[PDB]
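One chain is shown next in structure tokens, namely the form deposited in one PDB entry.
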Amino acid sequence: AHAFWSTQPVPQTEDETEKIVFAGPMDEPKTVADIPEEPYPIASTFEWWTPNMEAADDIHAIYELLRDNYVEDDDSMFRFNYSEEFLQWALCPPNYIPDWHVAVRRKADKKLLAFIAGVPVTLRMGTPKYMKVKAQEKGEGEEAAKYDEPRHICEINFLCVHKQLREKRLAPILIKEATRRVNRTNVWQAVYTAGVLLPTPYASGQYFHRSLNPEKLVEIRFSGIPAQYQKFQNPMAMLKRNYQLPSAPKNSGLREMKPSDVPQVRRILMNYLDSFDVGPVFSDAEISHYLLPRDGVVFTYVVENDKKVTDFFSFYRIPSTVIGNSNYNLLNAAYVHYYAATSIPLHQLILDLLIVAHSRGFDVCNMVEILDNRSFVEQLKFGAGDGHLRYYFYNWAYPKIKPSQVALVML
């Protein structure tokens, strides 16, 4: 039973979801003038706060709340440790709305107790192909197509309640106040993901990881040496052999992405993302923000042939705190971000991702089975983790789709 989510304009059951035939709004059409001008009421010892993402001390505050209190895995082996530089990057894309970043602080000492962030995203989120076909079969083409144009909506991330304040219903208050700020901006949909089941996902996928430094990985979690390896003479040398990578990229013509590559990257990325039912649209400014290399944050490489960019990949860095270890308190993880291949097989492109990551000191490469990530799992020796990432809309009816029909990477 769901005392908050039952009240919200989301599909409430899988049964309800299975029934959905067209993309479209759930809720009453509303107008900005209907929405309360003032912040949602909160207890007199709490105050709403809009952090200034240009203030190092505000970013620091958010950083520490998330370092101590954000996402842990089911077994509490790790907790994400997103960096200050990463947060400034993720929270401040072009045309971001400062008012969309919502915090609660304790009035007396200004201790940050909770946070949620929204950023703009331009998302294709019209009726998926398999449902459009079914629509043509019913005569229902126009309805199925009504909402095809990319929409300017809200992408929610970084919801976090301090461990001291858990299970006191503070999260629904944060979501209501975020929903108010976004609505006042004349935006009525959001997209968000979670590693937990909520009412009700439009897509779900497994996590997949690829060891880059198996020595350091056993030393934490991987249950020491992976069980299947114990059964031989020298497990660690065998493990290292399994995961070993070349020192330098295999693709000649691979180089770091530069500002003048922005138009070409935008084109091959947009062409590639059209094959997916749900996916982002990026302007030149957004391509530049999300994909231009930034030290310790995002890394992006292009294959340039004959002075033309024909392929590219990107990955971003999220360290995790290793929850109970000594020798090793940090896990240095690289996450697969956007890419596009047109001159080589995807696995050959992504092998260079792994080589670059390994060369730069990353311990593991992580991803969700979105995009065409499944097409290189086996050859590049990725293994499924215990995670599942569920994708959700707020105020949007959407048929269930496979994760391989999802092109939105969640930072």
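In this text, residue numbers run from 1 along the sequence as written. We call the rigid core the largest set of C-alpha positions that still match within 1.5 Å between the two forms.
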- Query: Which has the higher mean CA temperature factor in the PDB entry, 279-287 or 131-139?
  - Reply: 131-139
- Task: Averaging only over Cα atoms, indicate whether 250-258 or 333-341 has the higher B-factor in the PDB entry.
- Result: 250-258
- Hey, out of 203, 297, 236, 174, whose CA B-factor is highest in the deposited coordinates? 236
- Task: Could you check 72, 155, 167, 85 and tell me which one carries the biggest Cα B-factor in the deposited entry?
- Result: 167
- Chain thirds by Cα B factor, record data; residue 25 belongs to the highest
- Classify residue 224 as lowest, middle or highest third according to the C-alpha B-factor given in the PDB entry, relative to its own chain. highest
- Note on the structure: residue 211: C-alpha B-factor third of its chain, per the entry, is the middle
- Task: Could you tell me which third, lowest, middle or highest, the C-alpha B-factor of residue 118 occupies within its chain?
- Result: lowest
- Message: Taking only the Cα B-factors deposited for this chain, tell me whether residue 78 sits in the lowest, middle or highest third.
- Response: highest
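Unshown form deposited in another entry; subsequent notes refer to it.
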- Task: Considering only 222, 100, 243, 276, single out the residue whose C-alpha is displaced by at least 2 Å between the shown form and the other one after superposing the rigid core.
- Result: 222
- Query: Closer or farther: how do the Cα atoms of residue 384 and residue 224 compare in the other form relative to this form, given a change of at least 3 Å?
  - Reply: closer
